[PDB]
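Enquirer: Dropping the structure in here first, questions after.
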There are 10 protein chains.
Amino acid sequence: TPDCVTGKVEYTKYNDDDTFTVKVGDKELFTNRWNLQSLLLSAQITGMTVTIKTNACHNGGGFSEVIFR
Amino acid sequence: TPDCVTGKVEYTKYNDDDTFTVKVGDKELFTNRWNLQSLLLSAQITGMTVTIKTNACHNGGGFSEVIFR
Amino acid sequence: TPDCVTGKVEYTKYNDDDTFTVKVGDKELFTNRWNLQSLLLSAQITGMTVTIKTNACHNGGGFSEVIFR
Amino acid sequence: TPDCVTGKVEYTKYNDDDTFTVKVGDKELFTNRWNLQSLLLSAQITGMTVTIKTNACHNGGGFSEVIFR
Amino acid sequence: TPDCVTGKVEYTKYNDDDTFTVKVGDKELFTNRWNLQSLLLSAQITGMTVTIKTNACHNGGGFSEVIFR
Amino acid sequence: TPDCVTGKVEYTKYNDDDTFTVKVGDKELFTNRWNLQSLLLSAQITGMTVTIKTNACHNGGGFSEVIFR
Amino acid sequence: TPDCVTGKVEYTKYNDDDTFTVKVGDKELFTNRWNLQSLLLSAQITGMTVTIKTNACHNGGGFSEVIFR
Amino acid sequence: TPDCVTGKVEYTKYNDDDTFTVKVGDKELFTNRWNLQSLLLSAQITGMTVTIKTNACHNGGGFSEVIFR
Amino acid sequence: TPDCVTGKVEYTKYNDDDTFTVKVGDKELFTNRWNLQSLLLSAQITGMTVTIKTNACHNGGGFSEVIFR
Amino acid sequence: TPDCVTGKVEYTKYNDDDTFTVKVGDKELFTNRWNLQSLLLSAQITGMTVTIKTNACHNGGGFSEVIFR
Ligand SMILES: CCNC(=O)OCCNC(=O)OCCO[C@H]1[C@H](O[C@H]2[C@H](O)[C@@H](O)[C@H](O)O[C@@H]2CO)O[C@H](CO)[C@H](O[C@H]2O[C@H](CO)[C@H](O)[C@H](O)[C@H]2O)[C@@H]1O
Ligand SMILES: CCNC(=O)OCCNC(=O)OCCO[C@H]1[C@H](O[C@H]2[C@H](O)[C@@H](O)[C@H](O)O[C@@H]2CO)O[C@H](CO)[C@H](O[C@H]2O[C@H](CO)[C@H](O)[C@H](O)[C@H]2O)[C@@H]1O
Ligand SMILES: CCNC(=O)OCCNC(=O)OCCO[C@H]1[C@H](O[C@H]2[C@H](O)[C@@H](O)[C@H](O)O[C@@H]2CO)O[C@H](CO)[C@H](O[C@H]2O[C@H](CO)[C@H](O)[C@H](O)[C@H]2O)[C@@H]1O
Ligand SMILES: CCNC(=O)OCCNC(=O)OCCO[C@H]1[C@H](O[C@H]2[C@H](O)[C@@H](O)[C@H](O)O[C@@H]2CO)O[C@H](CO)[C@H](O[C@H]2O[C@H](CO)[C@H](O)[C@H](O)[C@H]2O)[C@@H]1O
Ligand SMILES: CCNC(=O)OCCNC(=O)OCCO[C@H]1[C@H](O[C@H]2[C@H](O)[C@@H](O)[C@H](O)O[C@@H]2CO)O[C@H](CO)[C@H](O[C@H]2O[C@H](CO)[C@H](O)[C@H](O)[C@H]2O)[C@@H]1O
Ligand SMILES: CCNC(=O)OCCNC(=O)OCCO[C@H]1[C@H](O[C@H]2[C@H](O)[C@@H](O)[C@H](O)O[C@@H]2CO)O[C@H](CO)[C@H](O[C@H]2O[C@H](CO)[C@H](O)[C@H](O)[C@H]2O)[C@@H]1O
Ligand SMILES: CCNC(=O)OCCNC(=O)OCCO[C@H]1[C@H](O[C@H]2[C@H](O)[C@@H](O)[C@H](O)O[C@@H]2CO)O[C@H](CO)[C@H](O[C@H]2O[C@H](CO)[C@H](O)[C@H](O)[C@H]2O)[C@@H]1O
Ligand SMILES: CCNC(=O)OCCNC(=O)OCCO[C@H]1[C@H](O[C@H]2[C@H](O)[C@@H](O)[C@H](O)O[C@@H]2CO)O[C@H](CO)[C@H](O[C@H]2O[C@H](CO)[C@H](O)[C@H](O)[C@H]2O)[C@@H]1O
Ligand SMILES: CCNC(=O)OCCNC(=O)OCCO[C@H]1[C@H](O[C@H]2[C@H](O)[C@@H](O)[C@H](O)O[C@@H]2CO)O[C@H](CO)[C@H](O[C@H]2O[C@H](CO)[C@H](O)[C@H](O)[C@H]2O)[C@@H]1O
Ligand SMILES: CCNC(=O)OCCNC(=O)OCCO[C@H]1[C@H](O[C@H]2[C@H](O)[C@@H](O)[C@H](O)O[C@@H]2CO)O[C@H](CO)[C@H](O[C@H]2O[C@H](CO)[C@H](O)[C@H](O)[C@H]2O)[C@@H]1O
């Protein structure tokens, strides 16, 4: 899967349908994987650099693959 | 969903029915989403600014949408 | 539910029946709510002030309501 | 010295003259005590509730007394 | 249940059968309680003093009771 | 020097004369040692148990000796 | 099970099939144990030294045993 | 003083002349204020959003004013 | 300088003469280096393993060399 | 100044002459800058990746320039 955006987490959002949205770089993306909710908030809280990989690389696109550095 | 309150978490409360209450700004609101319990306590512990979005924007009103900054 | 004790968590204990015991102020109380186990240890670790509300306000009494400040 | 404001630290600012500004509640106040710079940032980072005591309780007023809870 | 060992967590280990091993003092003990896995790692990470209570107080013995201080 | 109070830090206060006040157990004590200011706030933030040793064991009394556990 | 690699976690990755990949030393390894996802991210965040034990000690190999120091 | 850049700290650098460099947004700026060295590293470590204010808003420019949010 | 003790910090103590005492393993040792006071408390708070090197390897002996792992 | 080593901090050491030694990658290097002592321990504690720049790129060599990521 190709890299979409790399950077620090600007903000995260819990959605009404239980999905989770994250804003990294200039993209707002969402994921339906429940395990990723606490992992991404932890990366936000500790200033980690994350790389999100997805073919739906556009605002509102979904993802499941993330690299935490 | 419209913004209701934005601010730091003043306190949180675990309820007898397993719901979770949060006090942000001048509103006390609750949520029945289990995943949000640890996320909101983490935001409280790290001084994050949260925005709660809900149509029931009054004391005792419920919510499911939160932005963590 | 009336306030029972307010203070910092002195210690916590995982029990053989999977319940969790907490010592706050001069009372040792237990809870059978699984979600509260990590929330109370987090409050212990970060020096939070907690208020436990219960009608069984005596050593060995149970509770489910807690306010985290 | 009378209480001026109580609340969580909204933001802090390092000034050109080496003083430190803090925004708590609806007041922006500054202090010239060097030691308080790291203590206030730590309170900001850990979501502590602080009470600033000063007779110059107005925007731009200075202070030296702070209670950390 | 009698005290077995008291001290800081030296190391922890995730086992192939999903049990968790902990080394406290001069004993290596394991537990099959899933909830204790994150609680013990948190105690390890924050330098907490733990007391493990078990009748199988020998290397390889199991436990379920732990006091976190 | 005899033990005065043992417990968790309830609150700390920076004073106008640059001394630091701490409330542990039922005593409010102060210290004029600059180094202790960040050490005591760190103990407050991490829920450490501290023992303050002083012959002036009364409200307003001073101290310089502290054990961090 | 023999030791494969010992060192600090260089990065972690959540995969599309819900497995988790970790880079320690010169090896990229994955695990299908859900519990290990938050434990390994916590070790990454706190600079812990980990030892991964596996017979598939090569890039892409899987593991279930980890020692956290 | 006008805002120059707002964002998360991408990296920091200790220089041979004892000044400190920070990369925020698309600018690499330095400061000669010793107190700011630990404050900026703490903001980096906790993922804070900072605004640097300076008239020398270009790579290599210096600053002394920072807002920590 | 030969190794004296290796282990986790059991407790630390600020002394009346401004020296700092640490208990590691079965030895209580002190140091007069001011910089080491916050470094050792940080190692205590984060459960680090420290090795103290000193020729005065006995209770009450002094040291200046410490390895933090 | 050319890069010497990049990696996570393996261990740090306080020396008898008040200098500070750090082991990154395959090199043990020291610095005489007092400010860097707490900054490097913080990077060790939070698993940061550091790049040390120095012309004395060999065991025992000194440095003053470090990039914290
Ligand atoms: C676990 C089962 N998944 C599930 O139910 O997902 C439904 C939600 N997905 C969704 O709305 O899918 C819409 C298309 O977008 C996903 C995109 O799909 C690609 C596909 O892989 C390519 O083969 C195709 O050529 O193009 C489409 C459109 O771009 O794949 C992305 C990953 O690269 C995202 O999928 C991933 O993230 C979602 C949301 O979290 C699910 O988890 C997917 O399973 C995961 O693969 C886009 O959503
Ligand atoms: C999926 C599980 N939902 C469920 O069982 O929720 C029952 C709890 N709901 C509740 O008490 O509902 C009372 C009405 O309040 C919710 C409010 O509803 C709006 C509605 O969306 C509008 O269309 C309508 O015009 O007005 C009503 C009243 O204002 O919507 C809020 C969000 O905007 C809250 O709902 C949200 O939060 C609750 C509690 O956490 C549930 O999670 C809902 O699913 C979530 O949408 C008010 O509770
Ligand atoms: C929802 C599942 N509950 C369940 O299985 O609870 C079993 C463990 N409960 C138990 O031992 O209860 C014994 C009585 O003690 C509880 C006490 O009950 C009060 C009651 O509310 C009053 O109306 C009555 O006049 O007096 C009794 C006895 O004092 O209520 C307490 C709260 O105020 C505690 O209950 C709470 O905590 C337990 C354990 O965590 C359960 O979670 C309860 O559901 C919760 O309400 C006392 O245990
Ligand atoms: C360490 C010596 N202090 C010094 O150099 O302070 C100079 C900066 N002070 C300043 O600008 O003072 C201007 C007046 O404002 C201070 C205010 O003063 C009150 C005074 O308390 C009353 O008794 C008087 O009736 O009215 C004046 C005017 O309001 O006192 C405040 C505290 O209550 C503030 O002082 C405190 O904070 C400053 C800045 O950090 C200094 O640290 C002072 O020493 C400290 O007392 C107002 O600044
Ligand atoms: C949840 C149900 N438990 C279960 O499936 O446990 C199986 C794993 N247990 C195990 O291997 O038990 C073997 C015996 O060792 C346990 C020991 O048992 C004592 C017993 O308490 C005495 O009364 C008896 O006289 O002697 C036996 C033999 O020593 O008890 C220990 C506690 O004191 C340990 O049990 C505890 O820990 C295990 C593993 O985590 C289980 O959780 C047990 O439920 C828990 O009680 C020894 O394992
Ligand atoms: C090294 C600089 N010391 C200095 O300037 O101290 C001035 C502030 N001290 C002060 O107000 O002292 C008043 C008396 O109180 C101290 C108390 O003194 C005992 C004394 O040790 C006994 O021998 C005597 O019998 O009784 C008196 C009064 O009870 O000693 C306390 C410790 O046991 C406190 O002193 C300590 O704390 C202060 C303030 O932080 C200084 O740091 C002292 O140096 C330190 O020893 C009481 O303040
Ligand atoms: C929980 C049940 N496990 C399961 O469903 O695992 C499927 C994932 N396994 C996998 O792909 O297995 C492929 C072979 O690699 C594993 C390796 O297996 C060795 C085996 O131990 C030797 O006895 C044999 O001679 O050679 C094979 C080939 O290498 O064993 C490793 C551990 O030493 C790894 O297994 C472990 O990790 C995986 C992934 O997390 C599973 O959890 C296994 O259960 C666990 O044992 C290699 O994956
Ligand atoms: C504490 C005394 N300061 C001192 O010794 O600083 C020497 C380092 N200064 C430096 O190299 O100055 C070069 C010019 O750049 C500073 C810039 O200056 C502007 C000035 O504000 C305008 O009025 C003028 O028209 O143009 C000049 C040229 O740009 O001002 C910046 C702030 O807006 C920076 O200064 C600040 O940061 C430096 C380095 O940390 C010092 O701390 C300054 O005191 C501080 O004001 C540019 O460095
Ligand atoms: C630079 C400031 N030094 C100073 O003022 O130190 C006075 C405190 N020293 C002290 O009490 O010395 C008592 C003897 O104990 C130190 C011990 O000394 C060795 C010596 O190095 C050997 O050459 C000799 O053969 O035996 C003596 C006795 O064992 O050395 C120890 C380290 O190996 C300790 O010294 C270190 O720690 C102290 C206290 O922190 C000072 O920092 C010393 O500078 C430091 O070297 C014993 O205290
Ligand atoms: C602040 C004053 N510095 C001071 O007193 O430093 C004395 C300790 N330095 C030392 O032992 O120097 C020995 C040579 O090693 C340093 C090395 O020097 C280079 C030099 O820059 C080149 O121009 C020359 O061609 O080769 C020599 C040898 O390689 O420079 C290094 C930086 O690249 C190190 O210096 C840096 O670190 C030390 C220790 O912390 C001091 O802080 C230096 O000031 C700092 O520049 C080597 O130590």
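Every chain in the structure tokens has a letter given in the order shown (A, B, ...), and although residue numbers restart at 1 in each chain, ligands are simply numbered from 1 in the order shown.
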What would chain D look like once superposed on chain I, with the fit done by least squares over all C-alpha atoms paired in order? Give it as an mmCIF file with N, CA and C atoms, in the first residue's frame.
Expert:
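Output (result-v2.cif):
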```cif
data_model
loop_
_atom_site.group_PDB
_atom_site.id
_atom_site.type_symbol
_atom_site.label_atom_id
_atom_site.label_comp_id
_atom_site.auth_asym_id
_atom_site.auth_seq_id
_atom_site.Cartn_x
_atom_site.Cartn_y
_atom_site.Cartn_z
ATOM 1 N N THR D 1 36.533 2.907 38.098
ATOM 2 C CA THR D 1 35.888 2.734 39.432
ATOM 3 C C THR D 1 35.050 1.464 39.381
ATOM 4 N N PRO D 2 35.161 0.601 40.409
ATOM 5 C CA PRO D 2 34.391 -0.648 40.432
ATOM 6 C C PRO D 2 32.894 -0.489 40.701
ATOM 7 N N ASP D 3 32.114 -1.412 40.149
ATOM 8 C CA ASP D 3 30.677 -1.398 40.362
ATOM 9 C C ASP D 3 30.459 -1.651 41.842
ATOM 10 N N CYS D 4 29.421 -1.043 42.401
ATOM 11 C CA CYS D 4 29.107 -1.244 43.797
ATOM 12 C C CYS D 4 27.765 -1.971 43.873
ATOM 13 N N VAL D 5 26.717 -1.367 43.316
ATOM 14 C CA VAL D 5 25.396 -1.979 43.296
ATOM 15 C C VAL D 5 24.685 -1.662 41.984
ATOM 16 N N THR D 6 23.843 -2.600 41.563
ATOM 17 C CA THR D 6 23.034 -2.459 40.359
ATOM 18 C C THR D 6 21.605 -2.832 40.746
ATOM 19 N N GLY D 7 20.630 -2.049 40.293
ATOM 20 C CA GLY D 7 19.248 -2.360 40.605
ATOM 21 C C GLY D 7 18.351 -1.161 40.412
ATOM 22 N N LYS D 8 17.104 -1.282 40.843
ATOM 23 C CA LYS D 8 16.141 -0.192 40.742
ATOM 24 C C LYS D 8 16.254 0.680 41.991
ATOM 25 N N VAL D 9 15.915 1.957 41.869
ATOM 26 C CA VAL D 9 15.998 2.844 43.021
ATOM 27 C C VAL D 9 14.851 2.545 43.983
ATOM 28 N N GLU D 10 15.193 2.143 45.201
ATOM 29 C CA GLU D 10 14.191 1.820 46.205
ATOM 30 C C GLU D 10 13.573 3.118 46.774
ATOM 31 N N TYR D 11 14.421 4.076 47.144
ATOM 32 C CA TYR D 11 13.953 5.376 47.622
ATOM 33 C C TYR D 11 15.091 6.355 47.521
ATOM 34 N N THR D 12 14.768 7.642 47.613
ATOM 35 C CA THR D 12 15.780 8.697 47.580
ATOM 36 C C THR D 12 15.479 9.631 48.751
ATOM 37 N N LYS D 13 16.484 10.381 49.190
ATOM 38 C CA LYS D 13 16.298 11.288 50.307
ATOM 39 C C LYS D 13 17.095 12.579 50.153
ATOM 40 N N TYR D 14 16.441 13.706 50.394
ATOM 41 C CA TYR D 14 17.132 14.988 50.334
ATOM 42 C C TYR D 14 17.610 15.236 51.775
ATOM 43 N N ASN D 15 18.898 15.515 51.939
ATOM 44 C CA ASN D 15 19.481 15.726 53.260
ATOM 45 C C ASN D 15 19.601 17.180 53.679
ATOM 46 N N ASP D 16 19.739 17.401 54.982
ATOM 47 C CA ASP D 16 19.825 18.749 55.524
ATOM 48 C C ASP D 16 21.032 19.548 55.015
ATOM 49 N N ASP D 17 22.100 18.852 54.637
ATOM 50 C CA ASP D 17 23.304 19.507 54.123
ATOM 51 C C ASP D 17 23.271 19.626 52.592
ATOM 52 N N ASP D 18 22.101 19.405 52.007
ATOM 53 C CA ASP D 18 21.896 19.481 50.559
ATOM 54 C C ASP D 18 22.495 18.343 49.730
ATOM 55 N N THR D 19 22.899 17.252 50.380
ATOM 56 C CA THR D 19 23.406 16.098 49.646
ATOM 57 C C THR D 19 22.157 15.254 49.381
ATOM 58 N N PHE D 20 22.305 14.209 48.581
ATOM 59 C CA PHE D 20 21.178 13.375 48.195
ATOM 60 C C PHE D 20 21.547 11.919 48.473
ATOM 61 N N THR D 21 20.638 11.194 49.116
ATOM 62 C CA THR D 21 20.866 9.788 49.430
ATOM 63 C C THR D 21 19.979 8.897 48.562
ATOM 64 N N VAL D 22 20.520 7.761 48.140
ATOM 65 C CA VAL D 22 19.760 6.834 47.329
ATOM 66 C C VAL D 22 19.933 5.412 47.870
ATOM 67 N N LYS D 23 18.864 4.627 47.826
ATOM 68 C CA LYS D 23 18.920 3.241 48.266
ATOM 69 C C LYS D 23 18.719 2.363 47.009
ATOM 70 N N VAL D 24 19.768 1.638 46.640
ATOM 71 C CA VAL D 24 19.747 0.729 45.497
ATOM 72 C C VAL D 24 20.272 -0.610 46.028
ATOM 73 N N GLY D 25 19.563 -1.700 45.738
ATOM 74 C CA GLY D 25 19.989 -3.000 46.237
ATOM 75 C C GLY D 25 20.004 -2.995 47.755
ATOM 76 N N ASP D 26 21.116 -3.410 48.352
ATOM 77 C CA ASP D 26 21.197 -3.440 49.809
ATOM 78 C C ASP D 26 22.070 -2.316 50.383
ATOM 79 N N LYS D 27 22.321 -1.279 49.582
ATOM 80 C CA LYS D 27 23.149 -0.156 50.012
ATOM 81 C C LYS D 27 22.463 1.214 49.982
ATOM 82 N N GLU D 28 22.742 2.009 51.003
ATOM 83 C CA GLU D 28 22.241 3.373 51.084
ATOM 84 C C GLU D 28 23.511 4.226 50.866
ATOM 85 N N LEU D 29 23.549 4.988 49.781
ATOM 86 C CA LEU D 29 24.715 5.795 49.423
ATOM 87 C C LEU D 29 24.308 7.251 49.174
ATOM 88 N N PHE D 30 25.251 8.184 49.292
ATOM 89 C CA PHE D 30 24.935 9.583 49.076
ATOM 90 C C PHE D 30 25.862 10.211 48.035
ATOM 91 N N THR D 31 25.422 11.319 47.449
ATOM 92 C CA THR D 31 26.224 12.058 46.491
ATOM 93 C C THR D 31 26.057 13.547 46.761
ATOM 94 N N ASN D 32 27.138 14.295 46.552
ATOM 95 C CA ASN D 32 27.125 15.735 46.745
ATOM 96 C C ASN D 32 27.026 16.470 45.411
ATOM 97 N N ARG D 33 26.788 15.751 44.318
ATOM 98 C CA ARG D 33 26.668 16.395 43.010
ATOM 99 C C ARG D 33 25.215 16.847 42.814
ATOM 100 N N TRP D 34 25.008 18.161 42.758
ATOM 101 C CA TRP D 34 23.667 18.716 42.605
ATOM 102 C C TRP D 34 22.913 18.225 41.374
ATOM 103 N N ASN D 35 23.597 18.149 40.241
ATOM 104 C CA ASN D 35 22.969 17.698 39.002
ATOM 105 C C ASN D 35 22.330 16.325 39.132
ATOM 106 N N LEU D 36 22.954 15.428 39.889
ATOM 107 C CA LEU D 36 22.405 14.079 40.041
ATOM 108 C C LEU D 36 21.071 13.965 40.778
ATOM 109 N N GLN D 37 20.681 15.004 41.513
ATOM 110 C CA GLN D 37 19.428 14.955 42.260
ATOM 111 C C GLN D 37 18.199 14.745 41.381
ATOM 112 N N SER D 38 18.044 15.521 40.306
ATOM 113 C CA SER D 38 16.879 15.343 39.444
ATOM 114 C C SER D 38 17.020 14.141 38.529
ATOM 115 N N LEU D 39 18.249 13.799 38.156
ATOM 116 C CA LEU D 39 18.464 12.641 37.292
ATOM 117 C C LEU D 39 18.076 11.343 38.029
ATOM 118 N N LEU D 40 18.473 11.218 39.299
ATOM 119 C CA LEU D 40 18.150 10.016 40.085
ATOM 120 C C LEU D 40 16.651 9.936 40.403
ATOM 121 N N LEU D 41 16.011 11.066 40.685
ATOM 122 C CA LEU D 41 14.574 11.008 40.957
ATOM 123 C C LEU D 41 13.838 10.561 39.679
ATOM 124 N N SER D 42 14.308 11.033 38.522
ATOM 125 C CA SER D 42 13.707 10.650 37.243
ATOM 126 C C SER D 42 13.896 9.154 37.010
ATOM 127 N N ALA D 43 15.054 8.613 37.402
ATOM 128 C CA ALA D 43 15.288 7.184 37.212
ATOM 129 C C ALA D 43 14.376 6.406 38.158
ATOM 130 N N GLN D 44 14.136 6.964 39.343
ATOM 131 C CA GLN D 44 13.257 6.318 40.323
ATOM 132 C C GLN D 44 11.838 6.274 39.786
ATOM 133 N N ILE D 45 11.367 7.418 39.292
ATOM 134 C CA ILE D 45 10.019 7.562 38.746
ATOM 135 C C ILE D 45 9.726 6.711 37.498
ATOM 136 N N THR D 46 10.749 6.420 36.698
ATOM 137 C CA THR D 46 10.532 5.658 35.475
ATOM 138 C C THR D 46 11.025 4.213 35.554
ATOM 139 N N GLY D 47 11.303 3.741 36.765
ATOM 140 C CA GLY D 47 11.755 2.372 36.935
ATOM 141 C C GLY D 47 13.025 1.975 36.203
ATOM 142 N N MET D 48 13.974 2.900 36.049
ATOM 143 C CA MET D 48 15.233 2.588 35.368
ATOM 144 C C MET D 48 16.136 1.715 36.237
ATOM 145 N N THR D 49 17.031 0.982 35.588
ATOM 146 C CA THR D 49 17.992 0.168 36.320
ATOM 147 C C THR D 49 19.264 1.000 36.387
ATOM 148 N N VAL D 50 19.792 1.220 37.587
ATOM 149 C CA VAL D 50 21.011 1.994 37.681
ATOM 150 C C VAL D 50 22.151 1.206 38.305
ATOM 151 N N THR D 51 23.366 1.557 37.900
ATOM 152 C CA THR D 51 24.567 0.946 38.437
ATOM 153 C C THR D 51 25.357 2.090 39.034
ATOM 154 N N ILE D 52 25.632 2.005 40.328
ATOM 155 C CA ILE D 52 26.425 3.019 40.994
ATOM 156 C C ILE D 52 27.844 2.465 41.171
ATOM 157 N N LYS D 53 28.837 3.239 40.728
ATOM 158 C CA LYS D 53 30.241 2.863 40.827
ATOM 159 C C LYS D 53 30.931 3.714 41.893
ATOM 160 N N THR D 54 31.514 3.061 42.893
ATOM 161 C CA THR D 54 32.229 3.771 43.949
ATOM 162 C C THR D 54 33.149 2.840 44.734
ATOM 163 N N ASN D 55 34.258 3.380 45.242
ATOM 164 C CA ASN D 55 35.210 2.610 46.050
ATOM 165 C C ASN D 55 34.726 2.547 47.493
ATOM 166 N N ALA D 56 33.790 3.430 47.845
ATOM 167 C CA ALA D 56 33.233 3.471 49.185
ATOM 168 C C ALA D 56 31.921 2.708 49.155
ATOM 169 N N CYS D 57 32.006 1.437 48.772
ATOM 170 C CA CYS D 57 30.835 0.593 48.649
ATOM 171 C C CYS D 57 30.351 0.004 49.965
ATOM 172 N N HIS D 58 29.751 0.857 50.784
ATOM 173 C CA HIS D 58 29.212 0.470 52.083
ATOM 174 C C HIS D 58 28.157 1.512 52.454
ATOM 175 N N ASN D 59 27.260 1.161 53.364
ATOM 176 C CA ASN D 59 26.229 2.091 53.782
ATOM 177 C C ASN D 59 26.853 3.407 54.234
ATOM 178 N N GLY D 60 26.292 4.510 53.746
ATOM 179 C CA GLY D 60 26.815 5.815 54.096
ATOM 180 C C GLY D 60 27.926 6.282 53.170
ATOM 181 N N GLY D 61 28.435 5.397 52.310
ATOM 182 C CA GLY D 61 29.499 5.781 51.388
ATOM 183 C C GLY D 61 29.041 6.765 50.317
ATOM 184 N N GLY D 62 29.962 7.551 49.769
ATOM 185 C CA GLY D 62 29.571 8.511 48.757
ATOM 186 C C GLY D 62 29.873 8.013 47.358
ATOM 187 N N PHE D 63 29.278 8.664 46.360
ATOM 188 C CA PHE D 63 29.530 8.304 44.973
ATOM 189 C C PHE D 63 29.285 9.520 44.077
ATOM 190 N N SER D 64 29.750 9.418 42.838
ATOM 191 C CA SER D 64 29.545 10.452 41.843
ATOM 192 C C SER D 64 29.253 9.796 40.492
ATOM 193 N N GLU D 65 29.599 8.517 40.336
ATOM 194 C CA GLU D 65 29.389 7.814 39.062
ATOM 195 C C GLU D 65 28.194 6.893 39.043
ATOM 196 N N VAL D 66 27.324 7.127 38.064
ATOM 197 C CA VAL D 66 26.111 6.340 37.895
ATOM 198 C C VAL D 66 25.824 6.037 36.420
ATOM 199 N N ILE D 67 25.435 4.798 36.132
ATOM 200 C CA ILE D 67 25.062 4.405 34.777
ATOM 201 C C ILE D 67 23.532 4.232 34.797
ATOM 202 N N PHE D 68 22.848 4.841 33.838
ATOM 203 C CA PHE D 68 21.386 4.765 33.764
ATOM 204 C C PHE D 68 20.994 3.890 32.569
ATOM 205 N N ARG D 69 20.251 2.806 32.800
ATOM 206 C CA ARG D 69 19.816 1.919 31.709
ATOM 207 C C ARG D 69 18.298 1.811 31.728
#
```
Enquirer: So which residues of region 6-49 of chain C fall under strand (DSSP E) by DSSP, listed as a PyMOL selection string?
Expert: chain C and resi 6-14+20-24+27-31+49
